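Source file: query16.pdb; contents: PDB, C-alpha atoms and all ligand atoms.
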```pdb
ATOM      1  CA  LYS P   1      -6.129  -0.180   9.082  1.00  0.00           C
ATOM      2  CA  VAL P   2      -2.716  -0.814   7.529  1.00  0.00           C
ATOM      3  CA  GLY P   3       0.548   1.087   7.422  1.00  0.00           C
ATOM      4  CA  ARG P   4       0.298   2.504   3.892  1.00  0.00           C
ATOM      5  CA  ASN P   5       4.060   3.084   4.190  1.00  0.00           C
ATOM      6  CA  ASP P   6       4.426  -0.710   3.943  1.00  0.00           C
ATOM      7  CA  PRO P   7       4.467  -2.779   0.704  1.00  0.00           C
ATOM      8  CA  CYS P   8       0.872  -3.517  -0.340  1.00  0.00           C
ATOM      9  CA  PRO P   9      -0.357  -6.854   1.137  1.00  0.00           C
ATOM     10  CA  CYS P  10      -1.289  -7.904  -2.402  1.00  0.00           C
ATOM     11  CA  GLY P  11       2.381  -8.668  -2.967  1.00  0.00           C
ATOM     12  CA  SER P  12       2.845  -6.549  -6.084  1.00  0.00           C
ATOM     13  CA  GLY P  13       5.788  -4.462  -4.919  1.00  0.00           C
ATOM     14  CA  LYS P  14       4.268  -1.024  -4.387  1.00  0.00           C
ATOM     15  CA  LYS P  15       3.145   0.329  -1.017  1.00  0.00           C
ATOM     16  CA  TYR P  16      -0.521   0.759  -0.078  1.00  0.00           C
ATOM     17  CA  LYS P  17      -0.583   4.511  -0.773  1.00  0.00           C
ATOM     18  CA  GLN P  18       0.784   3.643  -4.220  1.00  0.00           C
ATOM     19  CA  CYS P  19      -1.206   0.472  -4.850  1.00  0.00           C
ATOM     20  CA  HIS P  20      -4.516  -0.677  -3.294  1.00  0.00           C
ATOM     21  CA  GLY P  21      -4.086   1.714  -0.374  1.00  0.00           C
ATOM     22  CA  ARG P  22      -4.901   4.474  -2.856  1.00  0.00           C
TER
HETATM   23 ZN    ZN P 101      -1.848  -3.806  -4.073  1.00  0.00          ZN
END
```
The structure in this file should be written as structure tokens.
Ligand SMILES: [Zn+2]
Amino acid sequence: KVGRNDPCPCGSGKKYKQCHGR
């Protein structure tokens, strides 16, 4: 589990909930 509130690990710029996270 990751802190969706943190910039996606992919390194795109958007947070999980905004990127891969969702
Ligand atoms: Zn991503």
Can you pull out every residue with an atom within 6 Å of ligand ZN 101 (chain P)? Use only C-alpha atoms and all ligand atoms and format it as a PyMOL selection string. chain P and resi 8+10+12+19-20
What are the centre and edge lengths in Å, to one decimal, of the axis-aligned box around all listed atoms of stretch 3-13 of chain P with 3 Å added on each side, as lines of an AutoDock Vina configuration file?
```
center_x = 2.2
center_y = -2.8
center_z = 0.7
size_x = 13.1
size_y = 17.8
size_z = 19.5
```
Just so the selection is clear, what residues does the PyMOL selection byres (((chain P and resi 3) around 10) and not hetatm) cover here, as an MDAnalysis selection string? chainID P and resid 1:2 4:8 15:17 21
